[PDB]
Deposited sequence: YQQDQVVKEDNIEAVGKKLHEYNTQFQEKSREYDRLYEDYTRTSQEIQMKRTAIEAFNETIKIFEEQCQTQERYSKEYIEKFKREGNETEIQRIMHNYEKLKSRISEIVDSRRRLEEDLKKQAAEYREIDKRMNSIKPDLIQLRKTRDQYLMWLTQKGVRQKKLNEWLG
């Protein structure tokens, strides 16, 4: 209570070791992309916070422009400088349009982070579909190696098969 020739099992040890090393390489490629994508997405997230902070600054400017303007709009109206009212207001229109450019650039980044978030998820998935094969090949490689060790196969022949 508890199989073939040595040379046939040893060939299969070599084949399974070659397949384990190759699946390993694939996993390490995906993991490098996983790491890189993780870092990139966090950089994009902090850059979005940076847009938000810049947009926030610009809206303080608008509030400031509106409060601060009044007196000098009303002063130049009584004093006949509708021309100086006109400069202040045109200057403010230029401020507003520049805000819309920055908002548009923020939106492009959010859209790119949406794609790269999906990319991250697909990498994680590809990785999780490899792990069963990678682990199964590691175990088979070891079971063959132990079978040969039990049968008394010397270390030198084992090394030839492991590459």
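> Against the full deposited sequence, which stretches does the structure leave out?
Seq positions lacking coordinates: 3-8, a single run.
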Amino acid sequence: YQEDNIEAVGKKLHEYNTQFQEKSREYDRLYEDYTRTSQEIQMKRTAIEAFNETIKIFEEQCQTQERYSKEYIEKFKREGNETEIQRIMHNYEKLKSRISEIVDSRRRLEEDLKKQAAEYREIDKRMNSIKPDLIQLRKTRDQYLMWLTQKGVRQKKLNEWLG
From here on, numbers count along this sequence of modelled residues.
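If you superpose the two forms and keep the largest set of C-alpha atoms that fall within 1.5 Å, you have the rigid core.
> Once the rigid core is matched, which of the two stretches, 104-112 or 66-74, lies farther off on average in 8 other deposited structures of this protein by C-alpha?
Farther from the shown form on average in 8 other deposited structures of this protein: 66-74.
> Out of 66-74 and 95-103, which one has CA B-factors that are higher on average in the deposited record?
Taking the mean C-alpha B-factor of 66-74 and of 95-103, the larger value falls to 66-74.
> Is residue 26 in the lowest, middle or highest third of its chain when residues are ranked by C-alpha B-factor?
According to the entry, residue 26 has a C-alpha B-factor in the chain's highest third.
> Among the chain's modelled residues, which third holds the C-alpha B-factor of residue 14?
Within its chain, residue 14 is a middle-third residue by C-alpha B-factor, going by the deposited values.
> Can you tell me whether residue 33 has a C-alpha B-factor in the lowest, middle or highest third compared with the other modelled residues of the same chain?
Within its chain, residue 33 is a middle-third residue by C-alpha B-factor, going by the deposited values.
> Would you check the entry's CA temperature factor for residue 112 and let me know if it's in the chain's lowest, middle or highest third?
Highest third, going by the recorded CA B-factors of the chain.
> Would the CA B-factor of residue 55 place it in the lowest, middle or highest third of its chain?
As the PDB entry reports it, the C-alpha B-factor of residue 55 lands in the lowest third of its chain.
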